[PDB]
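Let's start with one chain on its own, the form deposited in one PDB entry, as C-alpha cells.
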C-alpha cells in the first residue's frame, strides 16, 4: 500500500502521557509499549506476526 501523511501546521503543542498522584502509600507507574507522541505522530504496523507488546503491571501484595 501507500501511506501519505502531509501536515502543514504552525504553533503546535502536544502533550503525551501525563500522570499525577499525590498523598498515596504505594505508587506504581508503568508506561510504554508503543507510546508515540509528536506534532506529526505516525505509527504503522506496530505488531506483525505472532509478536506481542504487553505493557502489564502485576501488582500482587499477597499478604
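Residue numbers count along the first chain shown, from 1. Only residues modelled in both forms are compared. Each form is matched to the other, and the largest set of C-alpha atoms that superpose within 1.5 Å is called the rigid core.
Beyond what is shown, the protein has a form deposited in another entry; the following relates to that form.
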With the two forms aligned on their rigid core, point out which item of 50, 39, 42, 18 shifts its C-alpha by 2 Å or more between the shown form and the other one.
50
Relative to what's shown here, the Cα pair residue 27 and residue 18 differs by 3 Å or more in the other entry. Does it come closer or drift farther?
closer
Residue 18 and residue 47, C-alpha gap in the other entry relative to this structure (3 Å or more)
closer
Please list the stretches that shift between the shown form and the other one, defined as three or more consecutive residues with CA displacements of 2 Å or more after core superposition.
20-33, 47-61
